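[1] Pasting an experimental structure, sequence included:
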Amino acid sequence: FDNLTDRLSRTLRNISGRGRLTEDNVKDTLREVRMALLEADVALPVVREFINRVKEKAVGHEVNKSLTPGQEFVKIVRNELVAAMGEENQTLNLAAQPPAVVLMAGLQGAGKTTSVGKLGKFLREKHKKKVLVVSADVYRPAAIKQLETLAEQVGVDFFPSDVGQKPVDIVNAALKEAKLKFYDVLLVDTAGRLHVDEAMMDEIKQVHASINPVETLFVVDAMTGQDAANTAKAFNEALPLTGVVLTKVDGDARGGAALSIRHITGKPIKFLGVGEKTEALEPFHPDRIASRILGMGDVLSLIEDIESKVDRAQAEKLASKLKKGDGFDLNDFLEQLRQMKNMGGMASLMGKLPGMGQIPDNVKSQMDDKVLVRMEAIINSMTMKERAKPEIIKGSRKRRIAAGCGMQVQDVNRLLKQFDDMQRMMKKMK
RNA sequence: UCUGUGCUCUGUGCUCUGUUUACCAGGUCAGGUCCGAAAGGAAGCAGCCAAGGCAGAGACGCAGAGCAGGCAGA
């Protein structure tokens, strides 16, 4: 699909194709996009519908004047992409009360356990709250184990029972535990050996109605895709509050149909998480995905951080002395850094997004990030004062930083200006 | 002249306190770097610590000098 999200700007071409008509720009794209889908799993029965509705509109509308059609088209395209997928209902993944019951019903494994992590993981790096997890699966091996890891490796205990093949108890057991300790949120992955899905649920049956869980979720890898539909489906009935997510994004190639099918049941998602890494999990809201043409955008996010910074120096001392008396030192510069990789200086989103308003070049984003660490290299390879008078960088005083930071000269001189010029231009206020 | 008396001045030794110090043989060395397939190692800037610089104080140490009722002994 991704490479369709290009058809996007591939479309932002006044030139147009051969057809004098350029009239076809659309339909192609349609089909084009239309293609990229099913090819990427995606069911089709539906499609007709979309592709249709799409059409429908046309012969019943026009872009309010004062606005190039081409564009409009989209709003519409986009428009229906939404509906096409998780139409619109903003999933409510946060606290109804506290603490909580995360019944994690999983078909055969696959994200089975994993998932939980970032999930939990996620919420700890969110509310003073107290997670808590439990190995709610005894058929397949590495219950705790593989999982167990993270648990600590994230600063989040968990609990289970070696070997010990029997949910319920253990579950129950767990539960009240944290509870007794009065934690805030529990996550507990489960499943069963029944070769039939009704048997799966059949299991969750007791599982559920024995515990009395508030929030319940199933999950699946796009591996299965549109097929999945059913699976989940049968259950939306079991429990409508039944919301879910799709294991592995970067973990397939089919996707679509997966999430597609879902939707088309009134299905309820909340996240998705590209795959590996303790954080790849993400919230979810059609648009969000799709954001940026067919799915993920931010920065708006990464964007909004400016506000974080820009308006925080405000935050040394906002004044912390109304004025001007010279009260701080310009090494933010490097200050920027930290934040950022400390937390969120991950690529912030710096992608750039649509080259807009001016499309400039490939290395600009494209070529420093991955590697805007370097700049850092030094800095900490220098006294405070240094960065306050970034104009006392004699060949002498620095080569040491050069080596002291481990970087053969060049790199530096070859930067010193990306500092004294930044401003230069930067500082160009009338 | 020496010594005591104490007091003062000056130098300094030690201590306490404040402050100050990119690199130019201290310690610990984040980050980054280097060697190694790894196991493991190494050099090392910033910071901090030590140390140095500048000061105040010690009716604190060690000294030189001066001291109406300066006063004493030799």
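    That came through fine. Numbering: from 1, shown residues only, chains lettered A, B, ... in the order given.

[2] For the helix or strand containing residue A:416, name the packing helices and strands.
    Using DSSP states H and E, residue A:416 maps to helix A:413-426. Contacts defined by 3 or more Cβ pairs under 8 Å, 6 or more residues apart in numbering; DSSP states H and E place helix A:413-426 against no helix or strand at all. Using the backbone N, CA and C atoms, a C-beta is placed for each residue, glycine as well.

[3] buried stuff in it?
    Neighbour-count burial for helix A:413-426 flags residue A:419 (criterion: 16 or more other Cβ atoms under 10 Å).

[4] hmm, who's touching that helix?
    A:333, A:374-375, A:390-391, A:393 (Cβ atoms under 8 Å, 6 or more residues apart in numbering).

[5] run the last query once more with 7 Å
    Residues outside helix A:413-426 that contact it (Cβ atoms under 7 Å, 6 or more residues apart in numbering): A:333, A:375, A:390, A:393.

[6] Which pair of the residues you listed spans the longest distance?
    A:375 and A:393 (14.1 Å; Cβ to Cβ).

[7] on that earlier part again, the contacts of helix A:413-426, buried ones only, as a ChimeraX selection?
    Burial among these is assessed by 16+ other Cβ under 10 Å; the matching ChimeraX selection reads:
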select /A:375,393
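
[8] Arrange the contacts of helix A:413-426 in TSV, one row each, with secondary structure and distance to residue A:200 as further columns.
    Converted to TSV, the contacts of helix A:413-426 look like this (DSSP: H, G, I helix; E, B strand; the rest coil; distance: Cβ to Cβ, whole Å):
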residue	secondary structure	distance to residue A:200
A:333	coil	56
A:375	helix	52
A:390	coil	63
A:393	coil	66
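
[9] What about the residue lying closest to residue A:166 once chain neighbours are set aside, how many residues nearby?
    Closest residue to residue A:166 apart from its sequence neighbours, by Cβ to Cβ, 6 or more residues apart in numbering: residue A:138 at 6.4 Å. Residue A:138 has 20 neighbours, counted by other Cβ atoms under 10 Å.

[10] same question, residue A:92
    Applying other Cβ under 10 Å, we find 11 residues neighbouring residue A:92.

[11] That one: which element?
    Secondary structure from DSSP H and E places residue A:92 outside every helix and strand.

[12] returning to what we had before: CA atoms of the helix holding residue A:416 as CSV?
    Extracted C-alpha coordinates of helix A:413-426, given in CSV (Å, rounded to 0.1, in the frame of the first residue of the first chain):
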residue,chain,number,x,y,z
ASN,A,413,35.0,22.8,11.9
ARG,A,414,32.5,21.2,9.5
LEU,A,415,29.7,22.1,11.8
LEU,A,416,30.8,25.1,13.8
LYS,A,417,29.1,27.2,11.1
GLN,A,418,25.9,25.1,11.0
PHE,A,419,25.7,27.0,14.2
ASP,A,420,27.0,30.5,13.5
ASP,A,421,25.2,30.6,10.2
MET,A,422,22.0,29.0,11.5
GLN,A,423,21.5,32.1,13.7
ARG,A,424,22.9,34.3,10.9
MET,A,425,20.0,33.4,8.7
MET,A,426,17.9,32.4,11.7
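
[13] Do you have the helices of the stretch 301-430 of chain A handy? List them.
    Applying DSSP state H, counting those that start in this stretch to the stretch 301-430 of chain A gives helices spanning A:301-309, A:334-338, A:363-366, A:396-404, A:413-426.

[14] can I get those helices in TSV with distance to residue A:325?
    Shown next, in TSV, are these (distance: least, Cβ to Cβ, whole Å):
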stretch	distance to residue A:325
helix A:301-309	22
helix A:334-338	20
helix A:363-366	37
helix A:396-404	27
helix A:413-426	21
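
[15] I'd like those as a markdown table, with distance to RNA strand B appended.
    Below are these laid out as a markdown table (distance: least, Cβ to the nearest atom of the strand, whole Å):
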| stretch | distance to RNA strand B |
| --- | --- |
| helix A:301-309 | 20 |
| helix A:334-338 | 9 |
| helix A:363-366 | 20 |
| helix A:396-404 | 3 |
| helix A:413-426 | 13 |
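
[16] With respect to residue A:153, which of these lies nearest?
    Of all those, it is helix A:334-338 that lies closest to residue A:153, at 23.3 Å by Cβ to Cβ.

[17] and the residue nearest to residue A:166, how far is that from residue A:238?
    According to Cβ to Cβ, to the nearest Å, residue A:138 and residue A:238 sit 22 Å apart.

[18] Likewise for residue A:113?
    22 Å.

[19] quick one on the thing from earlier: how far out from the middle of the chain is the helix holding residue A:416?
    A distance of 34 Å separates the centroid of the chain from that of helix A:413-426, by Cα atoms, centre = their mean, to the nearest Å.

[20] likewise stretch A:173-188?
    How far stretch A:173-188 lies from its chain's middle: 27 Å, per Cα atoms, centre = their mean.

[21] Any buried residues in that stretch, and which?
    For stretch A:173-188, the buried set under the neighbour-count rule, 16+ other Cβ under 10 Å, comprises A:174-175, A:178-179, A:183-188.

[22] just to revisit the earlier point, ok so the residue nearest to residue A:166 is a helix residue?
    No. Residue A:138: not assigned to a helix; according to DSSP: H, G, I helix; E, B strand; the rest coil it is coil.

[23] Taking the centroid of chain A, which residue is nearest it?
    residue A:282 (3.7 Å; Cα atoms, centre = their mean).
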